[PDB]
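Encoded as structure tokens, the following chain is the form deposited in one PDB entry, with no partner shown.
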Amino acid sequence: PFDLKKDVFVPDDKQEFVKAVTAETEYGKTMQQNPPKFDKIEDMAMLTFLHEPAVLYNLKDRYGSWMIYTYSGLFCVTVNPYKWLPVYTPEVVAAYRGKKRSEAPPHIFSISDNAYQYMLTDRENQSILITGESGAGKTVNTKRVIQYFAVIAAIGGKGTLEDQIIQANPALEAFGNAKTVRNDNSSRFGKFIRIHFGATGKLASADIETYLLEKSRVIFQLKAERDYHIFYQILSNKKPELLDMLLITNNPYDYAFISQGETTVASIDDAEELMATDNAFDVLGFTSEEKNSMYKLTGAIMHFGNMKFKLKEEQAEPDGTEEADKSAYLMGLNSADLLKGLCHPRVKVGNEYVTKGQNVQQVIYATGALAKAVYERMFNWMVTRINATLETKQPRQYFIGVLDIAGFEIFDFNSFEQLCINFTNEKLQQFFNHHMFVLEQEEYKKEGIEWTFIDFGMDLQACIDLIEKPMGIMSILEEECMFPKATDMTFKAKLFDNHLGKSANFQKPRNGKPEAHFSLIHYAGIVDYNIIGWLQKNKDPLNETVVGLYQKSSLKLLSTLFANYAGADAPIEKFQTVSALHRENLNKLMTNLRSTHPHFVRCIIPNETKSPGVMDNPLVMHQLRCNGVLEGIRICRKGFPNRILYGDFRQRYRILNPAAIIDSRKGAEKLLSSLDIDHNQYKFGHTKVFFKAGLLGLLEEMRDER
């Protein structure tokens, strides 16, 4: 039943919008709805009415029938079903091969296949960029893109390249993923995977690049969160030989470094996951000495935390050598030299040395710091090793990169790690804004198309400039290190003096919950940051006397993790910080993505309680707004999303009317007027015919008939 004029969408203070400027709703109490033909539409740029509730309800409609993918113009939107669906089967993978976007339902498999098609067709590198906040579905979709390519390639101990490519994700997940409030399997690092293809489309090889790992997790947890998965998988006891080799109990609560918050997760079987983790290292080519060395280092990290200290000026001395000895043998170090290094670190006196002193607070920091450094270097080594076996040295030509970054998050306590994660999210959103709204309209101008630049309001340059540009939050932090008389409050005072009242995205902390020092107006919300410990987190210093012992370790792995160590430069007669390298890497990635054809996949978390099928309209609308889904749909409708080179237009559509044809542009003008179409649905460019939304599909329908 449908009444074109009285069926409207009206606002609501609890449900955002409701089905129904004065009328009463379907329930009782006191923007046009789309017809029943556009129910569960596969592409929302084809809806007659385009507004916030038209898109919200179409997504909701499809979500109710477990259709978690929907095209929204030139890109795609996905809503986390929070449950398994029979839409990722090998049978499905095969059917999607070679199909045009409109010839199959919306799917991540269709994005992957079309990215493959554009690569070989245009002779151009591609990229698949998955956005969304913590627990939206970026990693799940990243794994399905890889699955699609690996299954397609497979058509034609250690396994084949296709098997290795798939297993690289569960191998890295044990060490780099952990349970946070928002996600039981949160990626605590970003990763860009490039899948290389030869000149004719053969999957040649692959590589992975990881971006900043949350080191703090290794030695610190908040009430509602766990440390990295790996620790609990080892303690599961499904492989009891590991507990004997690592010299450990089966109780996480016996290890402070890993038992500060939660220890078991309802959705994760830690026992089955240890086997999956181990099987991946096997399939990836990891030797037993390699696997055991990695397990041994993880074990040494656990004992390292239980090491107690005491007073002997305040000087620290070991409060029991029990835990240091266990750590030292797993690491291949002499226990006495380790504790002497931690308590009395060397100072170079030219060719001699004098030891400086430490107190139990200083040694406690250095101990935590080294356990983080080892963990970070182990993760970087695992990636290097995965890349080493993934390198096939087979002929390559193009690549399809896939970006799975750590999602936007807000915790009750936000620190340095959150600012780095959320900063990347702001940057990736701005990548989308620039590509969709700035470059797109500049193409129309380049091609001599009649057009008036539209302002979509999509521009986060103010917040990005606030964080990265000189005298920004990172620049202030970078200066405040390598200034020993600088404290947490000199950094706070410098941030406020430069940005309070001067930067719109820098506000006083809103603030029961933990104490915050400043607020930041991010693209998806105001985040209250706590600046305590930022100067030390950014400088990341290490006890170089203990690092020296690590380089001389009897374990090959520990000595290789520290072989190329940037030991503090020699003094002269009179360095790269964390944030500095992170910005450098983020800009390196953004410029690299500019040299590819991007394919945006926008993930939407439907509810805060990980409930399948439950859609919370205020949370969904917040995401669709800050993502720019409506803005991104309008540029598809209001512009010309499809454009064909005059040559290609005659090579393909000459069959529609051979009477029309000997010029490239002139011939194309004759062909188009000769057909029964709206002659306003297209424009003529310098080198391409620009088509309005949908006209390409109409001509392609007519081409398939004859």
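In this text, rigid core is short for the largest set of C-alphas that superpose within 1.5 Å between two forms. The first residue of the shown sequence is 1; numbering continues from there.
Although not depicted, the form deposited in another entry is the subject of the following passage.
Only one candidate in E209, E631, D184, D278 has its Cα displaced by 2 Å or more between the shown form and the other one after core superposition: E631. After superposing the rigid core, the Cα of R101 is displaced by 2 Å or more between the shown form and the other one. A displacement of less than 2 angstroms separates the C-alpha positions of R194 between the shown form and the other one, with the rigid core held in common. Once both forms are overlaid on the rigid core, the distance between the two CA positions of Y550 between the shown form and the other one is under 2 angstroms. Between the C-alpha atoms of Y118 and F456, a gap narrowed by no less than 3 Å is obtained in that other deposited form, as opposed to the form on display.
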